[PDB]
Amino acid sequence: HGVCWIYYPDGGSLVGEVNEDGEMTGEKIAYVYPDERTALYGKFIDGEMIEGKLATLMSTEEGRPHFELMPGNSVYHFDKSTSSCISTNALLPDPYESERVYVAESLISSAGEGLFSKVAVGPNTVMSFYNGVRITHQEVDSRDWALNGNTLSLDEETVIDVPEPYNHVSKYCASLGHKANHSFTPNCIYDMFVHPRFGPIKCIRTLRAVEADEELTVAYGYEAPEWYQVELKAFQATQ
């Protein structure tokens, strides 16, 4: 018996007692976010979330975690996207992300909406998640840029996208990573993340200290859209 903690490179973790087969299965398993405070407590089978409820990790005694459930009836489950399905509940936000970022008009002229921090945090802090449908590089690189505003490479085999009309918050808010604008002097980077609901995706992690209400930006790393080429020239100058 005993308790087992599995920490992912991104900071998140799975905690619980493994069954006779040594698998994280039961009604009291939990995924704990990188803040080591926010958690999804409930039913998991072999580490996969079946029915998790929002909870707060109060403390840990000799490896034993003590959770307190958050008021509400919102349950979460593994819900990895496909090429055509972005989410089973596109309007159910991620609790960890909801407490750290919000969408508003960007401070970047003519950029549209942007992603902003709700709190002051230090370097290397995971702030948002970049979930989306999963498609191939061939499909993406073979179509017009007008359709690739939200495409993000996950790896050599998969591209994550937030296609219309999901690029509108009123239609999709399960994750908000696609709302962060570009900057050649970014305060964040896209990083790998293993999410209990979204599965393998990317997240937005700060590179340094960020203040409350500061706009979060990332270097797109782009051949690229016109607005990008223009900004690039404007950057190479006055730099």
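Whichever C-alpha set is largest while still superposing within 1.5 Å between the two forms counts as the rigid core. Counting begins at 1, following the sequence as shown.
Core superposition of the other structures onto this form places the C-alphas of 57-65 farther off in 7 other deposited structures of this protein than those of the other stretch among 179-187 and 57-65. Superposing each structure in 7 other deposited structures of this protein on the rigid core shows that the farther-lying of 66-74 and 200-208, by root-mean-square Cα distance, is 66-74. Among the other PDB entries of this protein that were compared and that flank it with modelled residues, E231 is modelled in all, so it is never left out in a third of them.
Missing deposited residues between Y222 and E223: 10 or more, all without coordinates in the entry. Remark: stretch with higher mean C-alpha B factor among 54-62 and 184-192 is 54-62. Checked against the record, the higher mean CA B factor of 157-165 and 71-79 lies with 71-79. Remark: of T206, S170, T38, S175, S170 shows the highest value [criterion: C-alpha B-factor in the PDB entry]. Placement of the Cα temperature factor of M127 within the chain: lowest third of the modelled residues, per the deposited record. Per-chain ranking of the deposited C-alpha B factor places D94 in the lowest third. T88: CA B factor in the middle third of modelled residues in this chain (values from the PDB entry). The entry lists a Cα temperature factor for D46 that places it in the highest third of the chain's modelled residues. Among the modelled residues of its chain, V133 has a C-alpha B-factor that falls in the middle third according to the deposited record.
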